[PDB]
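Asks: model this:
(chains A and B, ligands or ions: 6)
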2 protein chains.
Amino acid sequence: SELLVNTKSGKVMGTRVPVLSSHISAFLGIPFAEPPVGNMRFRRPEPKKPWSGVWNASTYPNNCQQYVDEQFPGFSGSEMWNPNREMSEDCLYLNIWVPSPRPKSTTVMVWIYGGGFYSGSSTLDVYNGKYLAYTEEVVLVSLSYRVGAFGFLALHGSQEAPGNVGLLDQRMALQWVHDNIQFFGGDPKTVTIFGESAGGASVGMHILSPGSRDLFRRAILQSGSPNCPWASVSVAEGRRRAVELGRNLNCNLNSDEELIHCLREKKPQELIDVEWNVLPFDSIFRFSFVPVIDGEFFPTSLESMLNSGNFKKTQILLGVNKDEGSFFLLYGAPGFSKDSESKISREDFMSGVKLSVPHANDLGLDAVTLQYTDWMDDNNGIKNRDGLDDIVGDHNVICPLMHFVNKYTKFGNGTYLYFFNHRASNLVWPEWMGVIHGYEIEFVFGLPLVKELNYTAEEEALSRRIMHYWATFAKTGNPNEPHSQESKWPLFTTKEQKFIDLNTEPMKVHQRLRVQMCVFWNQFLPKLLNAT
Amino acid sequence: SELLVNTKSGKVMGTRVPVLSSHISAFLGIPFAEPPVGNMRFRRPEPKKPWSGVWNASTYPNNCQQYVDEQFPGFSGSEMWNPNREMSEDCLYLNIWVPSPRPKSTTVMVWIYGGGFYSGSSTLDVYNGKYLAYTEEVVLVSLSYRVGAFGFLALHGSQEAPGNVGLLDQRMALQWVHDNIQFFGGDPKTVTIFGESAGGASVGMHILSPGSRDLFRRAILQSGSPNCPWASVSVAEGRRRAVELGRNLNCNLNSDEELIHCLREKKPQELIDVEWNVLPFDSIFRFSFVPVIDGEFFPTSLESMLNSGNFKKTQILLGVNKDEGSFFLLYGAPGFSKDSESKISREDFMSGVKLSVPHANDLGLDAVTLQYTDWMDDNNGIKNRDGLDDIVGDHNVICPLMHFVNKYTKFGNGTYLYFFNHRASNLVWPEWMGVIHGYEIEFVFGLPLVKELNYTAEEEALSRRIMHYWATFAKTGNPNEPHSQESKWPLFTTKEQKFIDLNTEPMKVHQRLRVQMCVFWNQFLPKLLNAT
Ligand SMILES: CCC1=C[C@@H]2Cc3nc4cc(Cl)ccc4c(N)c3[C@H](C1)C2
Ligand SMILES: CCC1=C[C@@H]2Cc3nc4cc(Cl)ccc4c(N)c3[C@H](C1)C2
Ligand SMILES: *[C@@H]1O[C@H](CO)[C@@H](O)[C@H](O)[C@H]1NC(C)=O
Ligand SMILES: *[C@@H]1O[C@H](CO)[C@@H](O)[C@H](O)[C@H]1NC(C)=O
Ligand SMILES: *[C@@H]1O[C@H](CO)[C@@H](O)[C@H](O)[C@H]1NC(C)=O
Ligand SMILES: *[C@@H]1O[C@H](CO)[C@@H](O)[C@H](O)[C@H]1NC(C)=O
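Replies: Numbering: from 1, shown residues only, chains lettered A, B, ... in the order given. Ligands and ions are numbered 1, 2, ... in the order given. Shown next is the structure:
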């Protein structure tokens, strides 16, 4: 049977699913680790014990325990990201979509969901892998990993809660794909990992970490980089936040052993209820439990690893969206609202800068303000709103990604960079937010091909072009079909630094993506904060 | 006789001079102070002892002792600024041009020449007052004052070389105009002082100094402000430079008395020969002997005087030229030449920034570089050259003037601001220099009306418009003729900050002159240098 597959862990039975007037196979909810429960909370994951009999893989698994967005009850724009299955600490599973008839040895793509390391699910409608598996004939895998305190509480030095276990969850799933994907028709030697937001930062972290490098061939990073300011903390800050978490739950703080034991007795929701109380500053785009520079998963600081070429050398495809910051401002900065144009007063602009660069002294805040203020028209509410949008986006996503791409390209074997700036015609979010953090995903997964979703014919064409770029890149290390007649996406080089836009217009090549602002964020400001 | 005038100091006999196919009277070289020679070198000036008989005022007086420009031997562009009469320490004289027939009580304009406080003459062709006196029917006066060490050597605390004596020379001439101009047909109650460069900074210094305020009615400042970074030094820096000067001349440095005595025995040229050796930094647009914040001529710091409204309140007319910096770069920055387009390499750009902001630490230099660099095209030699031109001009002339105008306007009775950007058609300097520091003067003095000088008809029209704005402002406190039909030069207000361009095109009103760069130079950079 096409739906029965014998793996090294046991047999699994999939289900046949319809997709664009055809069908493919889906193996949903396959376990790749022992449930990280009880005394296992906060610990490194354990390989799943093999099972006898047939594992029913016809339905989605539970989603990991996480903060749930209730800012706009009943609004699809936000609820489409919330867990759509029951939440449970028993959540370490993966899903595989396989072309029918089953391939023999074809290209594999493994998706790592984003969510600031505090949320995310592999079961979201926007992550349905059937369109991509079917359309590009690839075996599509989506893994899962612990988020929040469950995946990143870090008390360095202890082996009960070492930190980074969420990253090790991802690695175990990559190990399982390496060991078993051949039985589903996939080529374990041609696996591409790709992810968005924290998922994109994660991809970069597997490129850096010696322990993950051998488990994949190529990588794709969307709106996220390993070196992002929100993606990691020192072991000292991680410890401080773990202790403060315990303090919020009235735990004994005498020893790591005492703290961990207390935290392990709490119910999932008790930890989630006070999770946000441990941040050190009043800020936006900062999350409580994230990866830690431990000296193990990451041998040394991320910057020295990038400088020395201490990372996997291969081809990478990566990029960002036009208005990465709007989402965060809507949710956490004064003056921004879902139902108004959100024109910003000079007073709220100033409040916003402060929330955006939480780690800056007054001279630093003045430097940022001057860089983004048009002093010939300083009370223009639209410029203030858009200036703040760029500040958040440049500081948190674009400039860190540009620094990573320039450092990687020096030692890598091929880089392809994009700038996604198409605003979907059926977007439910207000116009002021523009091209939002996370909204290129639906085009990567081919949702515009589904007629009932209401995209335009041009949007379907764009989605097809993107899916083919991604899949062709996974298969060959180049998004372009060599002998084709279509416009070519040039290679990004240290010298020319070329990139392309991704929208419904005719391809256009540019150079030095937001270079002026990124020299400010990557060279000047850091130097100013260190001097002062 | 129209050419004989009885003043409180004695009788003077002028000469009749032709001007634009007509005639007026000129009284050249009238003494207003005792010769500041011998043991008087470095001392405050003394009123001229009255004389019996008739003082011959038919020819120009000597020019004060000064550094002479020999950078382009035989080139008119530079020699037109050099002393055109014999140099001598006996140089405290003034010149008066009087309409014929002699007025009874008409508007008076007193010109104060510029030259970085180290050079200048009242006898230059470009300062010939006959065109303005004749055309606008004003009594035009040009005074003189000591420059270099002779006018500004400062050993605070000593009464032999107190500092600021060059400014007191200007004041004595203003006192003489106040006391005697009535006899030449001028109204001592309607005297306007105007000057360019250090002359413009001087005008502002008389507005500030309690001891000078009562001696004039209104003021005009061209390309210079009292608060300019090159216009004054602290008493400590003044002292340090006076001692270093003595050190260059192998003087006894045991006491002020010993130093001054030695300096007084040296010949004028010995002091001029080592004058430039006392600057504290490798720089451009910095001069050795300038006014000192002494607590006497200037009661407190210039900034606190501006902030408290401690200054003469009246109307002022002032402005700047488009490319104030080109002159200084040509003469002192690597990569700039008179006979080439001077495209600047990134290496010379960096050298240039360093010479332009001599007082900056590395973080400050990086801030300036980022502010003026286009990172999408950083090796464009024309942008590097022009960026450097703006840096020198904004830092040294424009932004200091904009700060002064914004502080003055709060307490003043009327402000009119201009931006002169017309490049003369007969300019002998290369095109890359643009509209040069000092080249609006020829239009203020009406040289374009002289056919043989070869300006265009449009340039003659522009000169006439400027002469009429200046003279009408001196006469009424407003450059506009109220009931006229011509385009109106609006008042600069704290709120609207309007200004006009001065060129051959139809008047155009703008707002917030170089506001973006000036917030950088007046608020951010100073704050960065103080924090670091
Ligand atoms: C950084 C957090 C995060 C990042 C990814 C992109 C993302 N984008 C969102 C945009 C809006 Cl406006 C509202 C809700 C959103 C959301 N829950 C997500 C999720 C969560 C995935
Ligand atoms: C700051 C020194 C100074 C300022 C005023 C304007 C001025 N401008 C000059 C421009 C050039 Cl290119 C060459 C020579 C110039 C010169 N000796 C002067 C004199 C000297 C008067
Ligand atoms: C689990 O597999 C069985 C087949 O053995 C199927 O009938 C069932 O619907 C699947 N999912 C459920 C109901 O939990
Ligand atoms: C990638 O590596 C191959 C073989 O090692 C080399 O021939 C090729 O030029 C490289 N490509 C790039 C873009 O560096
Ligand atoms: C000085 O005045 C006399 C008239 O008394 C005149 O002849 C002479 O030319 C003037 N200047 C000179 C020659 O120095
Ligand atoms: C100048 O002062 C007069 C009288 O003191 C006043 O009426 C007038 O409004 C003032 N003009 C300005 C521009 O301040």
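
Asks: got the contact list for residue A:241?
Replies: A:154, A:233, A:278, A:279, A:280, A:288, A:289 (Cβ atoms under 8 Å, 6 or more residues apart in numbering or on different chains). (C-beta placed from N, C-alpha, C; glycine too.)

Asks: ditto for residue A:376
Replies: B:511, B:512, B:515, B:516.

Asks: ok, 7 Å please
Replies: With contacts defined as Cβ atoms under 7 Å, 6 or more residues apart in numbering or on different chains, residue A:376 is in contact with B:512, B:515, B:516.

Asks: is it correct that the second one is in contact with residue A:375?
Replies: Yes - if you go by Cβ atoms under 7 Å, residue B:515 and residue A:375 touch, sitting 4.6 Å apart.

Asks: count the neighbours of the residue lying closest to residue A:283 once chain neighbours are set aside for me.
Replies: For residue A:283, ignoring the flanking residues on the chain, the nearest one in space by Cβ to Cβ, 6 or more residues apart in numbering or on different chains is residue A:358 at 3.7 Å. For residue A:358, the neighbour count with other Cβ atoms under 10 Å in any protein chain shown is 15.

Asks: tell me which residue in the stretch 251-400 of chain A sits closest to ligand 1.
Replies: At 4.0 Å from ligand 1, residue A:327 is the closest residue in the stretch 251-400 of chain A, using Cβ to the nearest ligand atom.

Asks: so that residue sits right up against residue A:437, yeah?
Replies: Yes - with contacts counted by Cβ under 7 Å, residue A:327 reaches residue A:437, the gap being 4.6 Å.

Asks: so between the two, which is more surrounded?
Replies: Legend: neighbour count by other Cβ under 10 Å for residue A:327 and residue A:437, higher for residue A:437 (26 against 21).

Asks: now do the same contact list for that one.
Replies: A:197, A:223, A:321, A:324, A:327.

Asks: quick revisit: out of the contacts of residue A:241, name the ones that lie in strands.
Replies: residue A:233 (DSSP state E).

Asks: among the contacts of residue A:241, name the buried ones.
Replies: Buried members of the contacts of residue A:241, counted by 16 or more other Cβ atoms under 10 Å in any protein chain shown: A:154, A:233, A:278, A:288, A:289.

Asks: before we move on, the earlier item: with distance to chain B and secondary structure added, can I get the contacts of residue A:437 in JSON lines?
Replies: Shown next, in JSON lines, are these (distance: Cβ to the nearest Cβ, whole Å; DSSP: H, G, I helix; E, B strand; the rest coil):
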{"residue": "A:197", "distance to chain B": "27", "secondary structure": "coil"}
{"residue": "A:223", "distance to chain B": "23", "secondary structure": "coil"}
{"residue": "A:321", "distance to chain B": "21", "secondary structure": "strand"}
{"residue": "A:324", "distance to chain B": "20", "secondary structure": "coil"}
{"residue": "A:327", "distance to chain B": "28", "secondary structure": "helix"}
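
Asks: which one (most neighbours) among those residues?
Replies: Neighbour-wise, these (other Cβ under 10 Å) top out at residue A:223, 30 neighbours.

Asks: ok, that one touching residue A:397?
Replies: Yes - the pair residue A:223 / residue A:397 is scored as a contact, 5.5 Å apart, by Cβ under 7 Å.
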